[PDB]
Amino acid sequence: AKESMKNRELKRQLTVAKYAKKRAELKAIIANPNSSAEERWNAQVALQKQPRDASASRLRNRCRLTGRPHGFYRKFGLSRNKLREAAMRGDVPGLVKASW
Amino acid sequence: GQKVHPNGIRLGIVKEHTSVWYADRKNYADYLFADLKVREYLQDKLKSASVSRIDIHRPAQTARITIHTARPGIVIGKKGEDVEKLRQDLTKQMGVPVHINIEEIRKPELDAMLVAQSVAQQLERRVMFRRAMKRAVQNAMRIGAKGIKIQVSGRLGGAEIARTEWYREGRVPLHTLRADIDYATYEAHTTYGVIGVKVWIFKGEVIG
Amino acid sequence: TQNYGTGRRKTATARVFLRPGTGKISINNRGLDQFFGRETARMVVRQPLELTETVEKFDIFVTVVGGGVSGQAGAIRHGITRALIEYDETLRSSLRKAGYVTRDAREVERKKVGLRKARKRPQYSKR
Amino acid sequence: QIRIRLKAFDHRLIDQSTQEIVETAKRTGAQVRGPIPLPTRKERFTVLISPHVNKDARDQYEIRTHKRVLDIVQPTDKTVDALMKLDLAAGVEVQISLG
Amino acid sequence: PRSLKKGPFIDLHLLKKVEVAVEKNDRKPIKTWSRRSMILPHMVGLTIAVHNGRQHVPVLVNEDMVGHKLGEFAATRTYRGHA
Amino acid sequence: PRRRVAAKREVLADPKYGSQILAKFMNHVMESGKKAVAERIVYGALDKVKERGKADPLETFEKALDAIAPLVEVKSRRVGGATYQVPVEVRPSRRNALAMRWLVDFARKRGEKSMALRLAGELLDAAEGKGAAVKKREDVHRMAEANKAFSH
RNA sequence: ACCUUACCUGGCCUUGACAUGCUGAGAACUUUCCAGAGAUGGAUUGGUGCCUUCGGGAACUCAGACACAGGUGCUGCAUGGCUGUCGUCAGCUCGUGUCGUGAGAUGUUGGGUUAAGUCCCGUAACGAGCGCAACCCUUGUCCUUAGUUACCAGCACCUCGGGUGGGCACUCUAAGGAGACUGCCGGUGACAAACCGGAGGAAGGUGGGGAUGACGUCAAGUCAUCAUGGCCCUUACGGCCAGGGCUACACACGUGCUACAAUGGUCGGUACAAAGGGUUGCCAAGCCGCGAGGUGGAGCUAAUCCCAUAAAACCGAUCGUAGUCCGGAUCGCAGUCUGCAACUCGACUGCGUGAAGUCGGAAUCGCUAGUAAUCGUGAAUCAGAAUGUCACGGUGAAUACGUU
Ligand SMILES: [Mg+2]
Ligand SMILES: [Mg+2]
Ligand SMILES: [Mg+2]
Ligand SMILES: [Mg+2]
Ligand SMILES: [Mg+2]
Ligand SMILES: [Mg+2]
Ligand SMILES: [Mg+2]
Ligand SMILES: [Mg+2]
Ligand SMILES: [Mg+2]
Ligand SMILES: [Mg+2]
Ligand SMILES: [Mg+2]
Ligand SMILES: [Mg+2]
Ligand SMILES: [Mg+2]
Ligand SMILES: [Mg+2]
Ligand SMILES: [Mg+2]
Ligand SMILES: [Mg+2]
Ligand SMILES: [Mg+2]
Ligand SMILES: [Mg+2]
Ligand SMILES: [Mg+2]
Ligand SMILES: [Mg+2]
Ligand SMILES: [Mg+2]
Ligand SMILES: [Mg+2]
Ligand SMILES: [Mg+2]
């Protein structure tokens with residue numbers, strides 16, 4: 001949770017969001033059976049030459065407040081522990097301690 | 001042992017959420033993040049103004065913010081151009097139009113957050129803690145306030161061994177749930193480190 | 001005509017209708033024997049009816065939802081007991097002594113944190 | 001013949017809103033059938049409370065969603081369409097269909 | 001193993017460095033850092049120095065091990081022995 | 001416990017034979033919560049007993065049980081300096097459970113085709129007392145008799 | 001697996017990946033190209049832009065200088081906040097009064113009773129506070145409100161599917177409420193508190209479960225979530241990139257799963273649950289493949305559509321106790337899915353081989369009733385990756401003489 005870690009993961013977010021369609025095009029080309037090796041190999045080369053840091057598998061979502069990688073709940077944008085602080089303060093709407 | 005958060009365990013029973021609205025998975029995280037940022041920004045800017053509670057109400061594509069403070073003229077100054085510049089500042093945190101309401105609170109010395117901040121700022125000016133805590137308890141007890149407990153922990157004075165002190169008056173029943181215990185925490189950044197302040201105030205028994 | 005009753009036991013519910021007839025006994029539009037296969041459900045179901053020697057005099061039409069086979073049998077027993085006591089309101093003490101009217105209250109205890117089951121715990125080596 | 005759906009985190013506000021809309025719709029003469037409580041949605045979270053290793057110390061939290069259904073017969077006056085600020089105030093979502 | 005929709009897999013720089021090496025015969029070992037490359041049957045006879053992690057270990061390729069990846073023949077853990 | 005407040009829930013769920021002792025034998029023989037399997041096993045053993053012995057299997061089971069029920073047992077006691085064993089008479093209720101437990105435990109390890117004929121053989125053996133369960137009951141009894149010097 | 005990532009090898013940056021103050025030049029964009037494992041560098045069609053006191057400004061890209069920025073660097077024995085533990089045990093104190101030269105002690109001791117410092121009466125004590133109990137959630141009974149996407153008693157239609165008309169009967173859903181408070185009876189008891197049975201009652205003795213953790217202890221844990229007093233580096237203890245490691249292996253320990261079979265292994269048809277997730281999503285039908293899977297696209301912003309068929313159970317056929325129609329590790333060959341990429345280092349699929357394992361020493365663990373045992377289902381994290389975690393139901397025990 002350094003400053004550099006947050007900046008350089010914002011880099012991944014930006015690069016992935018900026019293309020966001022060419023990956024879909026190339027994967028549609030590849031996944032389609034009737035595409036021919038002629039139109040498959042060029043798609044392979046296109047995928048290879050494109051920068052590696054523009055993939056969903058390259059993204060690790062962290063806390064929007066501190067950047068803690070582990071303990072993430074995608075329902076919120078919060079880490080494991082700031083969720084507790086926000087809930088106790090009452091900022092999270094509709095959230096109460098449950099017994100049942 | 002560790003005590004549960006008095007405000008957390010009373011949510012829904014007698015306490016109320018500060019951020020009251022509705023959303024879904026598309027923008028629940030966005031709305032929550034915007035609320036936390038706007039609260040942080042408001043406190044950081046008008047920390048000088050005695051602000052206690054910030055409520056967020058979000059109808060369709062709009063946000064209505066009500067601010068509780070003890071010094072309304074600080075924000076409503078000469079017809080409140082401060083209000084309009086504040087609105088312009090807030091317009092970017094959440095894209096919806098903003099609406100600001102300033103609420104006055106009677107008896108600022110019966111409010112946990114204001115009392116905690118006052119004690120902390122007295123401590124920052126090298127005032128020894130016993131007199132500050134005693135006078136806070138005195139002022140609170142002199143008007144209603146069927147109970148008050150004040151705790152200060154850390155490197156009290158300047159000794160290089162931290163410790164904890166606390167004074168109570170009246171009754172402060174934490175295990176009961178009918179009670180409405182106002183609770184607040186604050187910090188003081190002195191030359192030797194951080195000193196923490198906690199305040200509990202018991203106002204009455206909620207019947208009905 | 002007819003009388004109605006409801007029986008619940010272990011997240012199983014059953015609606016029972018008791019009418020004049022010769023005891024066709026239909027369970028979810030199926031015969032009683034064809035529903036419970038080689039178990040103790042039949043006699044425990046008929047226990048309140050066989051205790052009042054009125055096995056055939058009351059045709060019984062029921063529907064049962066939820067739970068398991070034993071739970072369904074218990075629900076039917078309770079429901080038909082209620083339907084009967086909605087017809088013969090002098091045998092209340094009879095089924096109190098028989099112990100058929102009091103509803104079961106035991107339910108599956110939940111799981112807790114730090115435990116595997118509701119009450120089982122790990123081994124706790126002392127070192 | 002229109003159908004109205006109401007969603008809220010808290011039941012008190014959804015009850016107040018349902019009473020308000022029922023009163024507004026009945027008072028104008030249009031007929032209304034009674035509300036239907038759709039089953040609530042409960043989502044639970046188990047979270048660690050220690051900053052470091054204490055696995056058994058955990059908190060359970062819950063978010064509840066409440067849904068109500070209303071329907072009308074003989075639509076003659078439509079004022080609640082212009083009363084959106086009345087119907088929804090802070091934390092109730094209203095959907096309308098078959099206008 | 002990789003799905004058959006993509007038989008081979010070689011980095012583009014490696015391809016353009018070894019596709020040159022087919023018109024003119026094997027004359028110099030190729031220093032490579034890509035351990036994911038799939039050796040095709042039409043580069044048999046060349047010496048490839050694959051990155052171990054400290055240095056590049058050179059290996060010769062014949063037809064027997066064509067159906068294997070590059071780094072598979074370059075280990076990274078020493079294990080000289082417990083005793 | 002220390003309270004003596006624990007209740008005694010009564011279970012009597014004989015499906016068709018309507019026997020109380022049979023129900024407790026069911027509860028004893030049941031394993032892993034498999035009631036139906038216990039029902040089939042016990043009823044197969046009972047039917048084998050019937051097809052073998054002309055006497056009705058109810059009384060054969062009863063007389064096997066009454067010939068394996070012990071009267072006294074030996075129990076260890078910490079005297080504070082020695083390892084002593086004292087004989088004590090059985091509580092009237094406990095002997096039934098002891099007989100059931102011994103019977104099922106010895107029946108579980110015959111090595112023949114299935115527990116149907118296993119329990120059949122054990123019931124026939126204990127009807128007059130040639131089974132291993134009766135032998136071990138006699139061994140327990142002779143422990144208790146050889147330790148009669150303490151008695152009390 | 002890359003990232004995560006904090007370590008190693010190698011290559012590359014010094015106001016720097018980021019913020020503020022100064023000066024100067026200009027759109028970011030898109031240019032689809034080349035050198036290199038890559039950061040990076042170089043050509044690079046096109047438009048100079050918006051508003052002007054039309055002077056300039058904003059914000060963007062880059063360059064230069066310092067004040068700096070930066071650190072998952074040290075100190076938890078300098079700290080805040082957060083957490084474990086004794087322990088959910090019933091204790092811990094104060095004001096006034098009184099006794100003692102004092103440290104202190106009474107209250108808080110006694111006789112009962114209770115889960116309880118719970119209650120009664122006595123009593124130099126009289127009161128009070130934090131604790132216990134209660135107020136909160138869930139489940140078990142009943143009443144009213146309401147009937148859509150939910151239900152179907154009665155009528156009808158019926159292509160025999162709540163399929164339709166329809167109904168407000170029931171179940172069900174969720175809001176508001178009644179009910180259990182030692183309430184009544186018998187016995188005991190200081191005719192007190194309270195104790196042992198009984199009626200009614202769905203539930204009887206805080207009905208069952210959960211949340212709630214007093215004063216304090218262990219210089220207990222955390223500087224690596226965060227914050228923070230110091231101390232430390234500034235061509236690096238700060239940054240960027242590619243590979244490797246955290247998944248190594250003569251051994252030892254903790255926590256689980258699968259077994260060692262006949263209360264079972266297979267084969268055929270057959271029955272009944274609860275809870276939940278889904279519009280950068282679920283992803284059905286038909287069809288193609290032994291299979292993992294592939295085309296295809298319906299419906300669903302979800303009591304409606306999908307995830308998705310529960311299993312154990314019952315019946316019928318077979319195996320006959322044999323390291324076996326048990327057991328599945330290991331291994332060989334060929335596959336499927338996501339991902340840029342399954343060698344180090346993923347999960348599943350087909351064929352085949354098929355191991356240890358005959359219920360396990362000293363020692364040791366959990367559990368008092370829907371409990372133990374056993375069988376299945378869902379969620380989170382997440383491109384893929386659960387024998388782990390959290391949660392939900394099916395079947396369903398034995399035992400408690402008693403306190404040495
Ligand atoms: Mg930082
Ligand atoms: Mg990832
Ligand atoms: Mg449950
Ligand atoms: Mg279970
Ligand atoms: Mg051990
Ligand atoms: Mg790396
Ligand atoms: Mg410490
Ligand atoms: Mg600490
Ligand atoms: Mg004195
Ligand atoms: Mg003394
Ligand atoms: Mg003392
Ligand atoms: Mg003393
Ligand atoms: Mg004193
Ligand atoms: Mg005193
Ligand atoms: Mg004491
Ligand atoms: Mg004392
Ligand atoms: Mg008390
Ligand atoms: Mg309590
Ligand atoms: Mg706690
Ligand atoms: Mg320490
Ligand atoms: Mg340490
Ligand atoms: Mg590791
Ligand atoms: Mg217990």
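All chains are named by letter (A, B, ...) in the order of the sequence lines, taking the proteins before the strands, and each is independently numbered beginning at 1.
A donor and an acceptor atom never sit less than 3.5 Å apart when one is taken from the side chain of C/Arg119 and the other from the base of G/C367. For C/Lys10 against G/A274, no side-chain N or O and base N or O form a donor-acceptor pair under 3.5 Å. Residue-to-nucleotide contacts include a donor-acceptor pair under 3.5 Å from the side chain of C/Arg106 to the base of G/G370. For a distance-only test at 3.5 Å, the side chain of C/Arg38 fails to qualify as a donor-acceptor partner of the base of G/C315. No N or O donor and acceptor, one from the side chain of E/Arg77 and one from the base of G/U344, sit under 3.5 Å apart. Contact of A/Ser99 with G/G210 (side chain to base): a donor-acceptor pair of N or O atoms is detected under 3.5 Å. For A/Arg52 and G/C340, a side-chain-to-base donor-acceptor distance below 3.5 Å is present, hydrogens and geometry of angles not being considered. For C/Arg96 against G/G201, a side-chain N or O and a base N or O form a donor-acceptor pair under 3.5 Å. A donor-acceptor contact under 3.5 Å is formed by the side chain of C/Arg9 with the base of G/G370. Judged by distance alone, with hydrogens and angles left aside, E/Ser34 brings no side-chain donor or acceptor close enough to the base of G/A242 to form a pair under 3.5 Å. In the interface, the side chain of B/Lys3 is not paired with the base of G/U83 through any donor and acceptor atom under 3.5 Å apart. Side chain A/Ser57 to base G/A383: a donor-acceptor pair is found below 3.5 Å. Within 3.5 Å, a donor on the side chain of F/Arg9 pairs with an acceptor on the base of G/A369, or the reverse.
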Worksheet item: For C/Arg96 and C/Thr102, what are the C-alpha separation, side-chain angles and deciding distance, and is it a side-chain hydrogen bond (donor to acceptor under 3.5 Å, both in side chains)?
Response: CA-CA 8 Å; C/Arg96 298 294 296 163; C/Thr102 286; 3.0 Å; yes
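The gap from the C1' atom of G/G16 to that of G/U4 amounts to 24 Å, rounded to the nearest Å. Atom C1' of G/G112 sits at a distance of 13 Å from the matching atom of G/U118, rounded to the whole Å. When the P atom is compared between G/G38 and G/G55, the two are found 49 Å apart, to the nearest whole Å. G/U295 sits 16 Å from G/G289 when the P atoms are compared, rounded to a whole Å. Taking atom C1' in both G/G213 and G/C7, one finds a spacing of 42 Å when rounded to whole Å. Of the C1' atoms belonging to G/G76 and G/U83, the separation is 13 Å, rounded to the nearest Å. Using atom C1' as the reference point in both G/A124 and G/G110, the two lie 16 Å apart (nearest Å). Taking atom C1' on both nucleotides, G/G384 is separated from G/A369 by 44 Å, rounded to a whole Å.
Under the 90° criterion around 0 for the glycosidic angle, G/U23 counts as anti. Glycosidic conformation, G/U301: syn, with the torsion inside 90° of 0. Nucleotide G/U182 is shown with a syn base, its glycosidic torsion being within 90° of 0. With a glycosidic angle more than 90° from 0, G/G122 adopts the anti conformation. Glycosidic conformation of G/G55 is syn; the angle stays within 90° of 0.
Sugar conformation at G/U93 is north: the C1'-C2'-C3'-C4' dihedral has a positive sign, consistent with the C3'-endo side. North is the pucker assigned to the sugar of G/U336, its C1'-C2'-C3'-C4' torsion being positive. Using the sign of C1'-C2'-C3'-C4' as the criterion, G/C223 is classed as south-puckered.
The phosphate of G/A134 (OP1 or OP2) has no side-chain N or O of B/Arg178 nearer than 4.0 angstrom.
Nucleotides G/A194 and G/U188 qualify as a pair under the Watson-Crick or G-U wobble definition, both contacts being shorter than 3.5 Å. No Watson-Crick or G-U wobble pair links G/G205 with G/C50 when both atom distances must be under 3.5 Å. A Watson-Crick or G-U wobble pair does not link G/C260 to G/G80 when both relevant atom distances must lie under 3.5 Å.
Checking A/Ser79 against A/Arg62 by side-chain atom types alone, no donor-acceptor pair falls below 3.5 Å. A/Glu9 and A/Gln13 are linked by a side-chain donor-acceptor pair at a separation below 3.5 angstrom, with hydrogens and angles left out of the test.
At a threshold of 4.0 angstrom between heavy atoms, the contacts of E/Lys17 are confined to the sugar-phosphate backbone, with no base atom among them. Contacts of F/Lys109 with the nucleic acid, taken as non-hydrogen atoms under 4.0 Å apart, are absent.
In terms of position along RNA chain G, the nucleotide closest to D/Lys55 lies nearer the 5' end than the nucleotide closest to the other residue of the pair D/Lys55 and C/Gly68.
In this strand, G/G163 stacks on its neighbour G/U164, with six-membered ring centres under 5.5 Å apart and planes inclined by less than 30°.
Checking F/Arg77, F/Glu73, F/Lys75 one by one against F/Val86, the side-chain contact (heavy atoms from CB on, under 4.5 Å) holds for a single residue, F/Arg77.
Rounded to whole Å, the distance from CZ on C/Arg103 to P on G/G179 is 21 Å.
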